[PDB]
Every structure is written in C-alpha cells, then in structure tokens.
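I have placed the structure first, in the form of structure tokens, so that the comments after it can refer back to it.
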Amino acid sequence: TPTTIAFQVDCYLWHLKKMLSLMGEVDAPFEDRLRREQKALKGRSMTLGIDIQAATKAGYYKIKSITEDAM
Amino acid sequence: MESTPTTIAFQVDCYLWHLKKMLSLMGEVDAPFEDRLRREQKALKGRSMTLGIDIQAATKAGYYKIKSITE
C-alpha cells in the first residue's frame, strides 16, 4: 500500500532525525520539527494500526532497497 | 560550507528529503506524502536562500554525514 509505504518511510527517516538530535548534531528548529512530526506519526499510527517501531524497521528496508543500486 | 548544528541540520534535511523524493519517483507513496514533499521542498528553498547554501551541495554533504554515522 502506498499509504503504508509512506508511513514506513516517514517513520524510519524520522528515526534518523531523532538519532541525530540525541547526538546533539542539530539545532533547535530541527528539534522542534522533529517533535511536531512525531506527534503526527503517532496520530497516523492509530489510523493505520501499524506500530511506529515496526514501521521504522520496514522503512529501513525500503530505503536500503532504493539506495542500494541507485547510489 | 561551514560545519555547525544549523548547517548539519540543513544538510540532513536536504538529503532525507531527497530520499523521500526517490519514493515519489517510484510512485510508491500516496497524495498526502507527495503534498508534504512539495511543502517541504518550498521550506528548504527558503532555508537555502537564508543560509546561502546550495541545495545540491547540502544534499551531497547530508548523504556523507548520514553515511559516516550509520556506517
């Protein structure tokens, strides 16, 4: 599903942004955007019935699949 | 470009946006995902003009920044 795939990819890329935030590599507006997006992902998670952790894993493999041969 | 939390944030944002664009190119995402993509692209153009950083250059730097950390 394009909606499910969108969620998985959004979750994984958000996970990357969160990790960079916790590493202190980024500034405050990036951190504000981060927390905004997370609240939005939680809302979407309720509608899709997909756990953010599971979606994050799936999104990692989707991204691995696309960067593998293109880059 | 300089290496500050603000420029790193911009590099990461540009590169991760690029990955979302690749999903759009594959046609594997829904209309809200594409809506967010266009809205974020406009945001990045403003921050690009503000920071005086080329999006293409920031996109490459973001790739290597993420790659350095994830690998």
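Within each chain, counting starts at residue 1; across the structure tokens, chains are named A, B, ... in the order shown, with ligands numbered 1 upward in that order.
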
Requested in this report: Counting only C-alpha atoms, collect the residues of chain A whose closest atom lies at most 8 Å from chain B, and write them out as a VMD selection string.
Outcome: chain A and resid 1 to 3 5 to 6 9 13 17 24 to 27 30 63 66

Kindly save the residues from that selection, with C-alpha atoms included, as a PDB file, in the first residue's frame.
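Generated file (again.pdb):
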```
ATOM      1  CA  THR A   1       0.000   0.000   0.000  1.00  0.00           C
ATOM      2  CA  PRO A   2       1.323   3.475  -0.935  1.00  0.00           C
ATOM      3  CA  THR A   3      -0.114   4.837   2.329  1.00  0.00           C
ATOM      4  CA  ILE A   5       4.856   2.516   2.485  1.00  0.00           C
ATOM      5  CA  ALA A   6       4.681   6.290   3.048  1.00  0.00           C
ATOM      6  CA  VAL A   9       9.462   5.543   5.167  1.00  0.00           C
ATOM      7  CA  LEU A  13      13.578   8.869   8.305  1.00  0.00           C
ATOM      8  CA  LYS A  17      16.429  12.661  12.561  1.00  0.00           C
ATOM      9  CA  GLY A  24      23.439  16.884  19.614  1.00  0.00           C
ATOM     10  CA  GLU A  25      24.352  17.339  15.930  1.00  0.00           C
ATOM     11  CA  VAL A  26      21.480  19.686  15.074  1.00  0.00           C
ATOM     12  CA  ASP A  27      19.846  22.935  16.144  1.00  0.00           C
ATOM     13  CA  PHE A  30      15.311  20.904  13.632  1.00  0.00           C
ATOM     14  CA  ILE A  63      15.256   2.802   1.999  1.00  0.00           C
ATOM     15  CA  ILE A  66      16.225   2.025  -3.036  1.00  0.00           C
TER      16      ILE A  66
END
```

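Summary of the local environment: counting only C-alpha atoms, residues at most 12 Å from residue 41 of chain A, other than itself and those fewer than 3 positions away along its chain, are residues 4, 6, 7, 8, 9, 10, 11, 12, 13, 14, 15, 34, 35, 36, 37, 38, 44, 45, 46, 47, 48, 49, 50, 51, 52, 53, 55 and 56 of chain A.
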
Taking C-alpha atoms for each residue, export the selection above as a short mmCIF file (atom, residue, chain, number, x, y, z; two decimals), in the first residue's frame.
```cif
data_model
loop_
_atom_site.label_atom_id
_atom_site.label_comp_id
_atom_site.auth_asym_id
_atom_site.auth_seq_id
_atom_site.Cartn_x
_atom_site.Cartn_y
_atom_site.Cartn_z
CA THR A 4 1.57 2.10 4.35
CA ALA A 6 4.68 6.29 3.05
CA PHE A 7 4.23 5.67 6.79
CA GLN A 8 7.11 3.18 6.98
CA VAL A 9 9.46 5.54 5.17
CA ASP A 10 8.34 8.55 7.24
CA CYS A 11 8.94 6.58 10.45
CA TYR A 12 12.41 5.47 9.51
CA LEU A 13 13.58 8.87 8.31
CA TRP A 14 12.12 10.42 11.45
CA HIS A 15 14.08 7.83 13.46
CA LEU A 34 11.22 16.57 14.97
CA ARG A 35 8.73 16.66 17.85
CA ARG A 36 6.00 18.07 15.60
CA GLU A 37 6.47 15.19 13.16
CA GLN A 38 6.46 12.59 15.91
CA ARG A 44 -1.22 8.26 11.72
CA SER A 45 -0.16 5.11 13.57
CA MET A 46 -3.59 4.95 15.25
CA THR A 47 -5.39 5.15 11.92
CA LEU A 48 -3.17 2.58 10.10
CA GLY A 49 -2.91 0.14 13.00
CA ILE A 50 0.84 0.00 12.49
CA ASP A 51 3.29 0.26 15.36
CA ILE A 52 5.91 3.01 14.85
CA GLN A 53 8.76 0.62 15.76
CA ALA A 55 7.03 0.73 10.59
CA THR A 56 10.51 2.08 11.33
#
```
